[PDB]
């Protein structure tokens, strides 16, 4: 490593049911696992002097407690809250409480689904939102975080 940049510490958070990625009818719904996505993203981040940490959980409390633990340690969050996007005021208040900028990512286009999925407790306080672009959305959020923090 010969990095001239200040290191960024970035946390990726994944919400409920995303552990199932790649393991129902892979020929129909797609083959990539969450582990595959995060391994590729961690490698992409490391080339740009970004240290990437990750948690996926079906437990709302684990996501809230990981956000609390990020206070004064993490520079940026990428979050795919999955179903909790629509329901969790507690996650909104955790992110407001630690004051870390974040990007919201969804694999699927939330606006093309049921009307209840059009509402997010996070989108109005996110720096931005990516939906419908599949796993590449995490890479775009990483690229955006680097640009937003380094002013590039």
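Positions refer to the first chain, counted from 1.
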Tell me which of 21-29 and 8-16 has the higher mean C-alpha B-factor in the deposited entry. 21-29
For the stretches 31-39 and 61-69, which has the higher mean C-alpha B-factor as given in the deposited record? 31-39
Please pick out which of 47, 94, 105, 126 has the largest Cα B-factor as recorded in the entry. 47
Quick check on the deposited entry: does the C-alpha B-factor of residue 145 sit in the lowest, middle or highest third of its chain? lowest
Tertile call for residue 119 (CA temperature factor, within chain, third-based) is the highest
Would you mind checking where the Cα B-factor of residue 113 ranks among the modelled residues of its chain, as the lowest, middle or highest third? highest
